[PDB]
file work-v9.cif (mmCIF, C-alpha atoms)
data_coords
#
loop_
_atom_site.label_atom_id
_atom_site.label_comp_id
_atom_site.auth_asym_id
_atom_site.auth_seq_id
_atom_site.Cartn_x
_atom_site.Cartn_y
_atom_site.Cartn_z
CA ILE O 978 -20.80 0.04 51.05
CA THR O 979 -19.46 2.21 53.87
CA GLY O 980 -22.60 4.33 54.20
CA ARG O 981 -20.61 7.54 54.74
CA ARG O 982 -21.06 10.82 52.90
CA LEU O 983 -18.82 11.27 49.87
CA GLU O 984 -16.28 14.07 50.24
CA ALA O 985 -17.24 15.57 46.86
CA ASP O 986 -20.57 16.59 45.36
CA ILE O 987 -21.17 14.08 42.56
CA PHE O 988 -22.51 15.23 39.19
CA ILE O 989 -25.61 13.18 38.36
CA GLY O 990 -28.15 13.63 35.59
CA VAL O 991 -30.38 11.99 33.00
CA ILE O 992 -28.58 11.06 29.77
CA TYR O 993 -30.13 9.29 26.78
CA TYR O 994 -28.11 6.08 26.37
CA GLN O 995 -28.41 3.69 23.43
CA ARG O 996 -27.67 -0.03 23.45
CA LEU O 997 -25.77 -1.07 20.33
CA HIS O 998 -25.97 -4.36 18.45
CA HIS O 999 -22.34 -5.20 19.36
CA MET O 1000 -23.27 -7.78 21.98
CA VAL O 1001 -20.87 -10.26 23.56
CA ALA O 1002 -23.33 -13.10 22.90
CA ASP O 1003 -22.83 -12.80 19.13
CA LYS O 1004 -19.07 -12.12 19.43
CA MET O 1005 -17.76 -14.89 21.71
CA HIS O 1006 -16.02 -17.56 19.63
CA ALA O 1007 -14.10 -20.57 20.96
CA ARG O 1008 -12.53 -23.24 18.75
CA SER O 1009 -10.48 -26.27 19.80
CA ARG O 1010 -10.88 -28.67 16.87
CA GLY O 1011 -13.30 -29.08 14.00
CA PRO O 1012 -13.77 -28.74 10.25
CA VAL O 1013 -10.86 -27.78 8.01
CA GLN O 1014 -10.55 -26.48 4.47
CA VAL O 1015 -10.32 -29.14 1.77
CA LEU O 1016 -7.59 -27.41 -0.25
CA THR O 1017 -5.19 -26.38 2.53
CA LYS O 1018 -6.17 -28.70 5.44
CA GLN O 1019 -6.32 -25.57 7.62
CA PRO O 1020 -9.07 -24.40 10.01
CA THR O 1021 -12.08 -22.72 8.43
CA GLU O 1022 -13.05 -19.05 8.73
CA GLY O 1023 -16.05 -17.70 10.61
CA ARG O 1024 -17.88 -18.41 13.85
CA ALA O 1025 -20.87 -19.85 11.96
CA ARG O 1026 -18.72 -22.63 10.45
CA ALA R 152 28.56 -17.13 -39.14
CA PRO R 153 26.68 -13.82 -39.45
CA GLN R 154 24.06 -12.96 -36.84
CA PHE R 155 20.88 -10.89 -36.92
CA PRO R 156 19.18 -8.84 -34.19
CA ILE R 157 16.33 -10.51 -32.32
CA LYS R 158 13.31 -8.44 -31.29
CA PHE R 159 11.16 -9.55 -28.35
CA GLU R 160 7.43 -8.82 -28.47
CA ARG R 161 5.25 -9.37 -25.42
CA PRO R 162 4.24 -11.88 -24.23
CA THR R 163 6.05 -14.70 -26.11
CA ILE R 164 6.63 -13.41 -29.66
CA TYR R 165 10.17 -13.33 -31.06
CA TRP R 166 11.11 -11.48 -34.25
CA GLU R 167 14.36 -11.95 -36.19
CA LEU R 168 15.41 -9.03 -38.40
CA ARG R 169 16.69 -10.99 -41.37
CA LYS R 170 18.08 -9.46 -44.56
CA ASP R 171 16.62 -10.07 -48.01
CA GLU R 172 18.53 -10.70 -51.24
CA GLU R 173 18.24 -7.02 -52.23
CA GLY R 174 19.22 -5.78 -48.76
CA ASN R 175 15.71 -5.11 -47.48
CA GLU R 176 15.09 -5.79 -43.78
CA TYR R 177 12.02 -7.88 -42.93
CA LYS R 178 10.82 -9.33 -39.64
CA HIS R 179 10.70 -13.14 -39.50
CA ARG R 180 8.57 -14.73 -36.80
CA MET R 181 10.44 -17.42 -34.86
CA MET R 182 8.07 -20.24 -33.94
CA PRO R 183 8.51 -22.01 -30.57
CA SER R 184 9.76 -25.14 -32.35
CA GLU R 185 12.54 -23.15 -34.03
CA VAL R 186 13.36 -21.47 -30.71
CA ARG R 187 13.60 -24.85 -28.97
CA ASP R 188 15.81 -26.24 -31.76
CA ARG R 189 18.09 -23.20 -31.40
CA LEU R 190 18.21 -23.65 -27.62
CA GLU R 191 19.01 -27.36 -27.92
CA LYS R 192 22.36 -26.68 -29.64
CA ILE R 193 23.84 -24.77 -26.67
CA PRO R 194 26.56 -26.87 -24.97
CA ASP R 195 26.73 -27.44 -21.23
CA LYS R 196 29.99 -25.50 -20.87
CA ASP R 197 28.42 -22.19 -21.96
CA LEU R 198 25.41 -22.58 -19.64
CA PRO R 199 27.12 -21.12 -16.51
CA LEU R 200 28.03 -18.07 -18.60
CA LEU R 201 24.32 -17.65 -19.45
CA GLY R 202 23.12 -18.18 -15.88
CA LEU R 203 21.80 -21.72 -16.41
CA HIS R 204 22.73 -25.08 -14.92
CA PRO R 205 23.75 -28.00 -17.18
CA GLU R 206 21.94 -30.60 -15.04
CA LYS R 207 19.18 -28.53 -13.39
CA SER R 208 17.93 -26.00 -15.99
CA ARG R 209 18.67 -26.73 -19.63
CA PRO R 210 17.78 -23.85 -21.99
CA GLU R 211 15.53 -26.07 -24.14
CA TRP R 212 13.38 -26.97 -21.11
CA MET R 213 12.09 -23.37 -21.03
CA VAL R 214 10.01 -24.26 -24.12
CA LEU R 215 7.20 -26.48 -22.88
CA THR R 216 6.47 -29.74 -24.70
CA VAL R 217 4.72 -31.66 -21.89
CA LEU R 218 2.28 -29.85 -19.61
CA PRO R 219 1.92 -31.35 -16.10
CA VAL R 220 -1.72 -31.28 -15.02
CA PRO R 221 -1.98 -30.79 -11.22
CA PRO R 222 -3.53 -33.42 -8.94
CA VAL R 223 -7.20 -33.17 -8.05
CA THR R 224 -6.20 -32.34 -4.46
CA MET R 225 -4.59 -29.14 -5.74
CA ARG R 226 -7.83 -28.26 -7.57
CA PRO R 227 -10.66 -29.70 -5.46
#
call {"tool": "encode", "arguments": {"input": "work-v9.cif", "output": "structure tokens"}}
result
Amino acid sequence: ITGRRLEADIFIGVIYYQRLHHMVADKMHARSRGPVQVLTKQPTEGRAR
Amino acid sequence: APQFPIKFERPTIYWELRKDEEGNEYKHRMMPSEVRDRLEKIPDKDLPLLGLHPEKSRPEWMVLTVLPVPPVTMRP
């Protein structure tokens, strides 16, 4: 941003990095209203349902 | 009236240690009908001494004669 030299020598290298399956696309869940359990009349369990 | 010891066997078996004519001790199985008949004779005044309520929990009601089947909503 500033374009100035950093006051410290920054350690930089090549590191093998792995992307894991824990993605936010499969983890975001939002429920307002919907299906309920027949026995307890309470909200169901799971993002799929 | 003489009394005899009562032995409790799990889960719901009751044994009465009665005495024979010759003095021998034998276990007599008390059927639930006999137990309920014995429990029916207890007056309401002695129920607080036994930890029971005369109007809420009679001793004879602990022996089931009518079984209430739950509604279909309870067992969908």
call {"tool": "residues_around", "arguments": {"input": "work-v9.cif", "residues": "region 191-202 of chain R", "least_positions_apart": "3", "cutoff": "6 Å", "atoms": "only C-alpha atoms", "output": "ChimeraX atom specification"}}
result
/R:188,205,211
call {"tool": "resolve_selection", "arguments": {"input": "work-v9.cif", "expression": "the PyMOL selection byres ((chain O) within 9 of (chain R))", "output": "list in words"}}
result
residues 1015, 1016 and 1017 of chain O
call {"tool": "closest_residue", "arguments": {"input": "work-v9.cif", "among": "R:165, R:154, R:204, R:218", "to": "residue 183 (chain R)", "atoms": "only C-alpha atoms"}}
result
R:165
call {"tool": "resolve_selection", "arguments": {"input": "work-v9.cif", "expression": "the PyMOL selection byres ((chain O and resi 1024) around 10)", "output": "PyMOL selection string"}}
result
chain O and resi 1003-1008+1021-1023+1025-1026
call {"tool": "atom_distance", "arguments": {"input": "work-v9.cif", "atom1": "CA of residue 172 (chain R)", "atom2": "CA of residue 153 (chain R)"}}
result
14.7 Å
call {"tool": "resolve_selection", "arguments": {"input": "work-v9.cif", "expression": "the PyMOL selection byres ((chain R and resi 164) around 10)", "output": "list in words"}}
result
residues 158, 159, 160, 161, 162, 163, 165, 166, 180, 181, 182 and 183 of chain R
call {"tool": "atom_distance", "arguments": {"input": "work-v9.cif", "atom1": "CA of residue 186 (chain R)", "atom2": "CA of residue 214 (chain R)"}}
result
7.9 Å
call {"tool": "atom_distance", "arguments": {"input": "work-v9.cif", "atom1": "CA of residue 190 (chain R)", "atom2": "CA of residue 217 (chain R)"}}
result
16.7 Å
call {"tool": "residues_around", "arguments": {"input": "work-v9.cif", "residues": "residue 179 (chain R)", "least_positions_apart": "6", "cutoff": "7 Å", "atoms": "only C-alpha atoms", "output": "PyMOL selection string"}}
result
chain R and resi 166-169
call {"tool": "decode", "arguments": {"input": "work-v9.cif", "residues": "region 987-1020 of chain O", "atoms": "N, CA, C and O atoms", "output": "PDB file, in the first residue's frame"}}
result
ATOM      1  N   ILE O 987      11.828  -9.943   5.883  1.00  0.00           N
ATOM      2  CA  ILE O 987      10.707 -10.860   6.055  1.00  0.00           C
ATOM      3  C   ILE O 987      11.110 -12.251   5.588  1.00  0.00           C
ATOM      4  O   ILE O 987      11.671 -12.415   4.498  1.00  0.00           O
ATOM      5  N   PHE O 988      10.817 -13.255   6.411  1.00  0.00           N
ATOM      6  CA  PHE O 988      11.084 -14.644   6.063  1.00  0.00           C
ATOM      7  C   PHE O 988      10.034 -15.126   5.070  1.00  0.00           C
ATOM      8  O   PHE O 988       8.833 -15.097   5.363  1.00  0.00           O
ATOM      9  N   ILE O 989      10.482 -15.567   3.898  1.00  0.00           N
ATOM     10  CA  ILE O 989       9.595 -16.024   2.836  1.00  0.00           C
ATOM     11  C   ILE O 989      10.180 -17.295   2.234  1.00  0.00           C
ATOM     12  O   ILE O 989      11.396 -17.406   2.052  1.00  0.00           O
ATOM     13  N   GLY O 990       9.316 -18.263   1.950  1.00  0.00           N
ATOM     14  CA  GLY O 990       9.757 -19.513   1.377  1.00  0.00           C
ATOM     15  C   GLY O 990       8.619 -20.232   0.688  1.00  0.00           C
ATOM     16  O   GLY O 990       7.508 -19.711   0.571  1.00  0.00           O
ATOM     17  N   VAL O 991       8.914 -21.445   0.228  1.00  0.00           N
ATOM     18  CA  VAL O 991       7.945 -22.292  -0.460  1.00  0.00           C
ATOM     19  C   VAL O 991       7.558 -23.424   0.480  1.00  0.00           C
ATOM     20  O   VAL O 991       8.403 -24.247   0.854  1.00  0.00           O
ATOM     21  N   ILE O 992       6.283 -23.469   0.857  1.00  0.00           N
ATOM     22  CA  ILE O 992       5.759 -24.464   1.785  1.00  0.00           C
ATOM     23  C   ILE O 992       4.614 -25.201   1.107  1.00  0.00           C
ATOM     24  O   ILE O 992       3.720 -24.572   0.529  1.00  0.00           O
ATOM     25  N   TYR O 993       4.645 -26.530   1.175  1.00  0.00           N
ATOM     26  CA  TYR O 993       3.566 -27.355   0.643  1.00  0.00           C
ATOM     27  C   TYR O 993       2.327 -27.185   1.512  1.00  0.00           C
ATOM     28  O   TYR O 993       2.328 -27.563   2.688  1.00  0.00           O
ATOM     29  N   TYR O 994       1.269 -26.619   0.940  1.00  0.00           N
ATOM     30  CA  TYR O 994       0.023 -26.381   1.654  1.00  0.00           C
ATOM     31  C   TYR O 994      -1.090 -27.214   1.037  1.00  0.00           C
ATOM     32  O   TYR O 994      -1.203 -27.308  -0.189  1.00  0.00           O
ATOM     33  N   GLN O 995      -1.908 -27.818   1.893  1.00  0.00           N
ATOM     34  CA  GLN O 995      -2.994 -28.687   1.467  1.00  0.00           C
ATOM     35  C   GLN O 995      -4.335 -28.049   1.798  1.00  0.00           C
ATOM     36  O   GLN O 995      -4.532 -27.526   2.899  1.00  0.00           O
ATOM     37  N   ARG O 996      -5.253 -28.094   0.838  1.00  0.00           N
ATOM     38  CA  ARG O 996      -6.619 -27.638   1.048  1.00  0.00           C
ATOM     39  C   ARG O 996      -7.458 -28.801   1.559  1.00  0.00           C
ATOM     40  O   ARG O 996      -7.494 -29.867   0.938  1.00  0.00           O
ATOM     41  N   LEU O 997      -8.120 -28.598   2.692  1.00  0.00           N
ATOM     42  CA  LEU O 997      -8.904 -29.651   3.316  1.00  0.00           C
ATOM     43  C   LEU O 997     -10.357 -29.585   2.856  1.00  0.00           C
ATOM     44  O   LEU O 997     -10.814 -28.586   2.297  1.00  0.00           O
ATOM     45  N   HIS O 998     -11.086 -30.677   3.103  1.00  0.00           N
ATOM     46  CA  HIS O 998     -12.475 -30.759   2.668  1.00  0.00           C
ATOM     47  C   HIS O 998     -13.417 -29.926   3.525  1.00  0.00           C
ATOM     48  O   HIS O 998     -14.591 -29.787   3.165  1.00  0.00           O
ATOM     49  N   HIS O 999     -12.942 -29.376   4.643  1.00  0.00           N
ATOM     50  CA  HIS O 999     -13.767 -28.533   5.507  1.00  0.00           C
ATOM     51  C   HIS O 999     -13.936 -27.174   4.834  1.00  0.00           C
ATOM     52  O   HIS O 999     -13.215 -26.209   5.101  1.00  0.00           O
ATOM     53  N   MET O1000     -14.914 -27.105   3.939  1.00  0.00           N
ATOM     54  CA  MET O1000     -15.216 -25.892   3.196  1.00  0.00           C
ATOM     55  C   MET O1000     -16.453 -25.215   3.772  1.00  0.00           C
ATOM     56  O   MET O1000     -17.378 -25.873   4.255  1.00  0.00           O
ATOM     57  N   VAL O1001     -16.458 -23.880   3.717  1.00  0.00           N
ATOM     58  CA  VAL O1001     -17.576 -23.113   4.254  1.00  0.00           C
ATOM     59  C   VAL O1001     -18.839 -23.285   3.417  1.00  0.00           C
ATOM     60  O   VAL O1001     -19.941 -23.006   3.903  1.00  0.00           O
ATOM     61  N   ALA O1002     -18.711 -23.744   2.169  1.00  0.00           N
ATOM     62  CA  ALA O1002     -19.889 -23.950   1.332  1.00  0.00           C
ATOM     63  C   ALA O1002     -20.743 -25.100   1.851  1.00  0.00           C
ATOM     64  O   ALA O1002     -21.977 -25.039   1.796  1.00  0.00           O
ATOM     65  N   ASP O1003     -20.108 -26.155   2.356  1.00  0.00           N
ATOM     66  CA  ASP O1003     -20.815 -27.308   2.893  1.00  0.00           C
ATOM     67  C   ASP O1003     -21.134 -27.175   4.376  1.00  0.00           C
ATOM     68  O   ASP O1003     -21.773 -28.070   4.939  1.00  0.00           O
ATOM     69  N   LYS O1004     -20.709 -26.087   5.022  1.00  0.00           N
ATOM     70  CA  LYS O1004     -20.901 -25.923   6.455  1.00  0.00           C
ATOM     71  C   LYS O1004     -21.881 -24.822   6.830  1.00  0.00           C
ATOM     72  O   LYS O1004     -22.364 -24.816   7.966  1.00  0.00           O
ATOM     73  N   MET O1005     -22.189 -23.900   5.921  1.00  0.00           N
ATOM     74  CA  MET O1005     -23.097 -22.804   6.236  1.00  0.00           C
ATOM     75  C   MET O1005     -24.529 -23.324   6.276  1.00  0.00           C
ATOM     76  O   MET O1005     -25.022 -23.881   5.289  1.00  0.00           O
ATOM     77  N   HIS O1006     -25.194 -23.140   7.413  1.00  0.00           N
ATOM     78  CA  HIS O1006     -26.570 -23.574   7.601  1.00  0.00           C
ATOM     79  C   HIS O1006     -27.365 -22.435   8.217  1.00  0.00           C
ATOM     80  O   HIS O1006     -26.931 -21.838   9.207  1.00  0.00           O
ATOM     81  N   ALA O1007     -28.522 -22.134   7.632  1.00  0.00           N
ATOM     82  CA  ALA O1007     -29.398 -21.081   8.133  1.00  0.00           C
ATOM     83  C   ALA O1007     -30.830 -21.587   8.102  1.00  0.00           C
ATOM     84  O   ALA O1007     -31.326 -21.984   7.043  1.00  0.00           O
ATOM     85  N   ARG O1008     -31.491 -21.571   9.256  1.00  0.00           N
ATOM     86  CA  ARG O1008     -32.869 -22.023   9.379  1.00  0.00           C
ATOM     87  C   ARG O1008     -33.693 -20.944  10.060  1.00  0.00           C
ATOM     88  O   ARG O1008     -33.289 -20.415  11.100  1.00  0.00           O
ATOM     89  N   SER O1009     -34.840 -20.615   9.470  1.00  0.00           N
ATOM     90  CA  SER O1009     -35.826 -19.736  10.085  1.00  0.00           C
ATOM     91  C   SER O1009     -37.092 -20.482  10.473  1.00  0.00           C
ATOM     92  O   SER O1009     -37.525 -20.416  11.627  1.00  0.00           O
ATOM     93  N   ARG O1010     -37.696 -21.196   9.527  1.00  0.00           N
ATOM     94  CA  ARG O1010     -38.832 -22.062   9.799  1.00  0.00           C
ATOM     95  C   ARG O1010     -38.832 -23.178   8.765  1.00  0.00           C
ATOM     96  O   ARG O1010     -38.258 -23.044   7.682  1.00  0.00           O
ATOM     97  N   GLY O1011     -39.482 -24.286   9.108  1.00  0.00           N
ATOM     98  CA  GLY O1011     -39.527 -25.424   8.223  1.00  0.00           C
ATOM     99  C   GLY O1011     -40.093 -26.671   8.867  1.00  0.00           C
ATOM    100  O   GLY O1011     -40.925 -26.609   9.777  1.00  0.00           O
ATOM    101  N   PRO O1012     -39.655 -27.835   8.389  1.00  0.00           N
ATOM    102  CA  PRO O1012     -40.207 -29.097   8.891  1.00  0.00           C
ATOM    103  C   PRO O1012     -39.851 -29.341  10.349  1.00  0.00           C
ATOM    104  O   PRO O1012     -38.804 -28.915  10.842  1.00  0.00           O
ATOM    105  N   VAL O1013     -40.750 -30.042  11.040  1.00  0.00           N
ATOM    106  CA  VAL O1013     -40.580 -30.380  12.445  1.00  0.00           C
ATOM    107  C   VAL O1013     -40.788 -31.879  12.617  1.00  0.00           C
ATOM    108  O   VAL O1013     -41.372 -32.553  11.766  1.00  0.00           O
ATOM    109  N   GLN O1014     -40.287 -32.397  13.736  1.00  0.00           N
ATOM    110  CA  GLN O1014     -40.467 -33.806  14.053  1.00  0.00           C
ATOM    111  C   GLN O1014     -41.928 -34.097  14.371  1.00  0.00           C
ATOM    112  O   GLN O1014     -42.631 -33.268  14.953  1.00  0.00           O
ATOM    113  N   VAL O1015     -42.387 -35.285  13.975  1.00  0.00           N
ATOM    114  CA  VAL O1015     -43.781 -35.654  14.202  1.00  0.00           C
ATOM    115  C   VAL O1015     -44.041 -35.896  15.684  1.00  0.00           C
ATOM    116  O   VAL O1015     -45.081 -35.494  16.219  1.00  0.00           O
ATOM    117  N   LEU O1016     -43.104 -36.555  16.370  1.00  0.00           N
ATOM    118  CA  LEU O1016     -43.341 -36.953  17.754  1.00  0.00           C
ATOM    119  C   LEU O1016     -43.302 -35.761  18.705  1.00  0.00           C
ATOM    120  O   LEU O1016     -44.169 -35.630  19.577  1.00  0.00           O
ATOM    121  N   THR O1017     -42.313 -34.880  18.554  1.00  0.00           N
ATOM    122  CA  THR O1017     -42.080 -33.816  19.520  1.00  0.00           C
ATOM    123  C   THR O1017     -42.493 -32.433  19.036  1.00  0.00           C
ATOM    124  O   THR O1017     -42.486 -31.496  19.842  1.00  0.00           O
ATOM    125  N   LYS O1018     -42.854 -32.284  17.758  1.00  0.00           N
ATOM    126  CA  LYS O1018     -43.186 -30.985  17.162  1.00  0.00           C
ATOM    127  C   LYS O1018     -42.048 -29.983  17.348  1.00  0.00           C
ATOM    128  O   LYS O1018     -42.270 -28.799  17.607  1.00  0.00           O
ATOM    129  N   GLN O1019     -40.821 -30.466  17.208  1.00  0.00           N
ATOM    130  CA  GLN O1019     -39.604 -29.690  17.362  1.00  0.00           C
ATOM    131  C   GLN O1019     -38.822 -29.707  16.055  1.00  0.00           C
ATOM    132  O   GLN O1019     -38.994 -30.619  15.238  1.00  0.00           O
ATOM    133  N   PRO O1020     -37.970 -28.706  15.815  1.00  0.00           N
ATOM    134  CA  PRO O1020     -37.228 -28.655  14.547  1.00  0.00           C
ATOM    135  C   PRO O1020     -36.359 -29.885  14.332  1.00  0.00           C
ATOM    136  O   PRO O1020     -35.834 -30.480  15.275  1.00  0.00           O
TER     137      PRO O1020
END
